[PDB]
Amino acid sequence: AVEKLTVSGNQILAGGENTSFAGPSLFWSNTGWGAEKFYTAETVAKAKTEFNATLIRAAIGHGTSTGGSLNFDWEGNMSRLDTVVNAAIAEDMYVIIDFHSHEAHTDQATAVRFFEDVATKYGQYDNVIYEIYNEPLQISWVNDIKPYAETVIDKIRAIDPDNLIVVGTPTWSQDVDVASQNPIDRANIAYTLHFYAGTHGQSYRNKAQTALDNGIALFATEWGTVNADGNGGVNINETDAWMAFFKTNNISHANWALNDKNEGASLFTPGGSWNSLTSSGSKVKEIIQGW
């Protein structure tokens, strides 16, 4: 079993203690996107045996115009999620159930369906973390994200009252500072912080520091060692700066992405696996093993 997660001030506690966890985020679960082969019990086990990962994020794709997402293949995506969640539980790892969307607030009925479903099927497990809105775009925290979050949090809690729920923030989950000015009034809520080392520097970390200073807990559910588009070279200086920042603030994180697509963010070289890591994968392996 894993320790239950709760929020106290700007800290997420595990079994009542200050600590943090590191693991990989699976790539989009979308049918046709190539990462389906990774949504397996075998891969979840490998994340643990190879990197000593303590968590794994299931990025269940959502989007009314996003091919192969929940809007086009509910069954396939939900089946992949089920496989990963059950494996995570069996491996004593946390599983971040991510409604991987950039438009959750405009397709609310689908979001509610997704969350009532996951809360019903997996809510009893302390391993389960709900990530209700991956990456909101340049929208309003108070008027777009917050109302949607309150609605979804309440729908989830009518089924599963105990849990840590991580809420996306404006501008691809960078504006944790804006969210911190008007936090959500519900128990155990953390806020999403996303960054890509080759694009987001100190100024982005400053925004995260502001959020922590304002009293909200952060969870970096997705981050890359490369550029913001998921490609390019590994920026060690910025990656190390960000990891140091996370370590000294007990911020848990999931790296993008356990996949083999021909892009720098992939942990594996194209058609490769755990024995053929990319430059990003090699760095991520050390970070996770050393966490």
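Counting begins at 1, following the sequence as shown.
Stretches compared: 35-43, 56-64. Higher mean C-alpha B-factor in the entry: 35-43. For the two regions 166-174 and 82-90, the entry's Cα B-factors average higher over 82-90. Between the residues 26, 234, 70, 251, the entry's highest C-alpha temperature factor is the one at 234.
Residue-level inspection of the entry shows that, of 126, 160, 185, 154, 126 has the top Cα B-factor. The deposited CA B-factor of residue 131 belongs to the lowest third of values across its chain. Split the chain's modelled residues into thirds by C-alpha temperature factor. Residue 18 is in the highest one.
In this PDB entry, the Cα temperature factor of residue 192 sits in the bottom third of its chain's modelled residues, the lowest group.
Residue 275: CA B factor in the highest third of modelled residues in this chain (values from the PDB entry). The PDB entry assigns residue 98 a C-alpha temperature factor belonging to the lowest third of its chain's modelled residues.
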